[PDB]
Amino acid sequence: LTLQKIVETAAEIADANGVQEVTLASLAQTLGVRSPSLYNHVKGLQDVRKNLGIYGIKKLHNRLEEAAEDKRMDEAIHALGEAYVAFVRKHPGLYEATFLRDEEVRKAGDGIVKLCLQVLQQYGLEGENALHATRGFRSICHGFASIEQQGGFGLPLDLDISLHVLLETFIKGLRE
């Protein structure tokens, strides 16, 4: 039993059943262990949620780094957006956990902002425009993934095409 095992279990419960289904009893039950032993690693349920949020955002970051590896500019942006949305599709509970209003959860997302900013600086932008563009890119990916997840894209059109079109429009606007 480690903090990591506990957190990986919380992740599977969260994706399959909803993040609100993560409890110490459900974790102990699933790991086949007595619940008091969880307290050698976590302070309680809120502490579990914190760690789950940090784990989620690190796993997202890993997917994004992988997708963008040895790609530049347009290909990197497309692969980043695609991987962002794929992450939300397959890990809804883990993704939801990254939005815990906790300063450690927030800070663990900094590698994602840096990666985005690094790719966006390849576009040779003025003043603060690199910095606005990271908010822009994050808004696009969260926006698309969130509407799609909630069933708000009712039109018959292919969603993978729609995402590609949105990313291309963003890229075109960055190029001028």
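The first residue of the shown sequence is 1; numbering continues from there.
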Q: May I ask you to compare 75-83 and 102-110 by their mean CA B factor in the entry and name the higher one?
A: 102-110
Q. Averaged over C-alpha atoms, is the B-factor higher for 22-30 or for 143-151 in this PDB entry?
A. 22-30
(Q) Ranking every modelled residue in this chain by its Cα temperature factor as given in the entry, which third contains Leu159? (A) middle
**Q.** Ranked against its chain, the third holding the CA B-factor of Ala130
**A.** highest
Q.
What third of the chain does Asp15 rank in for C-alpha temperature factor, lowest, middle or highest?
A. highest
Q: Pull the Cα B-factor of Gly124 out of the PDB entry and bin it into the chain's lowest, middle or highest third.
A: highest
